[PDB]
There are 2 protein chains.
Amino acid sequence: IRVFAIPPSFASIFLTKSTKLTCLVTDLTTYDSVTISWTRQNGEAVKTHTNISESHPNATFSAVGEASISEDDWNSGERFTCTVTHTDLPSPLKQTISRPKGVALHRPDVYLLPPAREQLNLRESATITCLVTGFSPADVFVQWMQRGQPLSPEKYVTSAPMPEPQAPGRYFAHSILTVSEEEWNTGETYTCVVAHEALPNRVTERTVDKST
Amino acid sequence: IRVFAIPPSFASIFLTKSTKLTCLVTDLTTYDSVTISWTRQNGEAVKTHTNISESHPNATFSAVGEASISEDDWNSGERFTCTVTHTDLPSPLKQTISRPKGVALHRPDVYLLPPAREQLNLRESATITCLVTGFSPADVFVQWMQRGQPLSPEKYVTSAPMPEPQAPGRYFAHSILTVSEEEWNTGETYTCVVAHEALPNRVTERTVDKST
């Protein structure tokens with residue numbers, strides 16, 4: 001009997017320029033006649049959700065609810081909760097969601113790594129690594145750009161923010177992109193751009209080519 | 001009401017040259033008078049476990065049991081199960097554990113990446129990446145060697161085997177080690193050695209220095 005909510009990730013916030021709240025139901029049998037409403041700390045309600053979900057095929061029911069809010073209150077840390085009503089439960093369950101500020105806010109550093117000389121001898125593939133170290137909190141966004149045009153999210157893999165051993169609280173993350181030699185040796189540059197909330201303009205780009 | 005077992009990882013098997021089986025209890029209240037025994041597919045028993053565990057402080061009970069076996073039967077895929085007896089359960093629960101063979105067995109490739117030129121300008125740290133791509137199944141072991149002497153496992157971080165987008169079934173993993181510039185520019189070589197069960201001798205070493 002759980003209902004887990006999804007706080008907005010800085011990745012989505014920077015990608016869409018619009019803060020949403022999301023919560024889903026779990027550990028409950030599929031049913032109907034369920035209403036989802038978001039209530040803030042004071043008590044008043046917000047815009048109505050849309051896009052009613054379905055039931056998972058694993059004897060679990062899930063409902064999704066959307067609410068558009070300003071980013072200032074979320075950054076401040078207002079207490080937010082969505083309301084879920086069901087049949088078996090006697091009292092509707094409340095799910096507290098909030099983001100604090102005491103988390104340190106250090107700007108990260110960006111490093112790009114060209115492929116090894118010895119990998120470009122099989123003439124089959126190449127790998128470029130964009131390396132980000134030393135940021136707090138644990139929300140980062142990385143994407144790859146080719147000739148000013150975004151690449152599909154199916155050609156690169158991004159690691160989750162995992163802590164440095166040599167620090168009390170700090171993190172790092174990795175991303176590698178798979179291209180073809182003829183492209184790397186004779187193609188274009190795949191800039192990696194990272195967006196962190198501790199950055200001045202929240203945007204940082206680095207460029208890597210064959211002759212760097 | 002679950003009891004999850006730990007199949008031997010190729011990492012542990014290669015590290016200790018001795019195959020063990022392990023199973024732990026969960027989702028049960030702490031109690032006593034519990035016996036753990038391993039039974040193979042035929043029905044006969046094996047050596048007695050040791051090192052009785054304790055109870056987790058989260059209202060969960062756990063028992064650990066050890067059994068030493070040959071590697072040939074485990075590689076073949078014999079059906080193995082440890083027996084757990086408790087008070088509330090009417091019938092002892094059996095936990096089936098076995099490793100198959102239909103998993104592909106491609107040898108991996110090893111790549112070492114020196115630190116970026118631009119990171120060695122802050123004169124504060126350096127990072128070396130050992131990159132392993134294209135192996136099956138999902139069991140790998142990586143460790144770092146300095147002047148023939150193993151380094152402590154608290155100075156490097158190893159990724160989990162996660163699949164390549166450009167392949168039906170294949171994986172890769174990463175590892176980065178943190179050293180000091182004066183060490184990297186004027187120190188020794190930190191060889192990364194990887195052990196995979198598809199390799200001929202199960203051992204592969206690569207060497208990287210300042211002048212490579």
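Going from the start of the chain as shown, residues are counted 1 onward.
Structure determined by electron microscopy, 3.6 Å.
The backbone N, Cα and C atoms fix where each Cβ goes, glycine too.
The annotation disulfide bond is assigned in Swiss-Prot to B:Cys23-B:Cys82 (among others). Under the three-state DSSP scheme, B:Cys23 (disulfide bond) falls in the strand class.
Per Swiss-Prot, N-linked glycosylation site is recorded for B:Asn51 (among others). According to its DSSP assignment, B:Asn51 (N-linked glycosylation site) is coil.
All protein chains included, B:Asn58 (N-linked glycosylation site) registers 7 other Cβ atoms within 10 Å of its own Cβ. The N-linked glycosylation site annotation in Swiss-Prot covers B:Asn58 (among others).
Taken from Swiss-Prot, the feature domain 'Ig-like 4' covers B:108-209, and the record attributes it to sequence analysis.
According to Swiss-Prot, the disulfide bond annotation covers B:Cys130-B:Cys192 (among others). On its own chain, B:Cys192 (disulfide bond) has B:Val110, B:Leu112, B:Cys130, B:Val142, B:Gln143, B:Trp144, B:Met145, B:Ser175, B:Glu205, B:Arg206 as residues at least 6 apart in sequence with a Cβ closer than 8 Å to its own Cβ.
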Candidate nearest B:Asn51 (N-linked glycosylation site) in space, where candidates are the recorded positions B:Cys23, B:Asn58, B:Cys82 and distance is Cα-Cα: B:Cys23
Cα distance (Å, whole number) from B:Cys23 (disulfide bond) to B:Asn58 (N-linked glycosylation site): 19
B:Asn58 (N-linked glycosylation site) - helix vs strand vs coil (DSSP): coil
